[PDB]
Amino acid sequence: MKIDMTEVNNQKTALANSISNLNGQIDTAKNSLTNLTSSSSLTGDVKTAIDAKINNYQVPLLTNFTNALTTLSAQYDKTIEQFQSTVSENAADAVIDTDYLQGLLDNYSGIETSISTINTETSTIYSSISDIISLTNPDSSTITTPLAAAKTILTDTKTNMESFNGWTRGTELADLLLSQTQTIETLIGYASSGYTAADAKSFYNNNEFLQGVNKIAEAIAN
């Protein structure tokens, strides 16, 4: 269990670059589909059904894929927010290894025993010659108080690391992609019949999937 915020922020930049490239290619695919609806090279009721199919599904499908990229980017930023809030670590290059913290913790017992044993021994030799010369044994709690506080930091950090490692995101992107898959599968089932088929035409003219994609995009704009 290890995390390097340097690598995480580098992946955030690489993710933004790939999202920028995909959004440009998606916009090109949107323009190509738009050119079909504005074309007069085909006419009739079959063109009315194709225009309804493109404007109510094909273009919204490309729009929702851009919304999926924006949602994936927002979830990556929120995952960084969740890490920097659960562990309390706002450093941009922070490196934390749970096994390395445990290795530092495995040496505390030997130091704690040495401090407690030597303190008992020195206190004995100081009290044995107290009638000859009274000498003060130094306070061992001056060492063990920050020693335990330092151990708490290693105790709390390792715990929050293991705690954050089990944190789960929401189903926002999973629900968006399931809506994409179900819509595409329905368009596949209608591809064997004609565009002017009663069941297929009624589906192409239904704008509920378009309104759903419009609502996801409008929420993203605020």
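Note that residue numbering begins at 1 and tracks the sequence as displayed.
Between 24-32 and 166-174, the higher mean Cα B-factor belongs to 166-174.
Relative to one another, 141-149 and 88-96 have unequal mean CA B-factors, and 88-96 is the one with the higher figure. The maximum CA B-factor among the listed residues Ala191, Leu42, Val59, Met161, taken from the PDB record, is found at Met161. Which of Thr113, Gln102, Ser128, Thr136 has the largest Cα B-factor in the deposited entry comes down to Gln102. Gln82: CA B factor in the highest third of modelled residues in this chain (values from the PDB entry). Compared with the other modelled residues of the chain, the Cα B-factor recorded for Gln182 ranks in the lowest third. In the PDB entry, a CA B factor belonging to the lowest third of its chain's modelled residues is recorded for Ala52. Ranked by C-alpha B-factor against the other modelled residues of its chain, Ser123 falls in the lowest third. Sort the modelled residues of the chain by CA B factor and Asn64 lands in the middle third.
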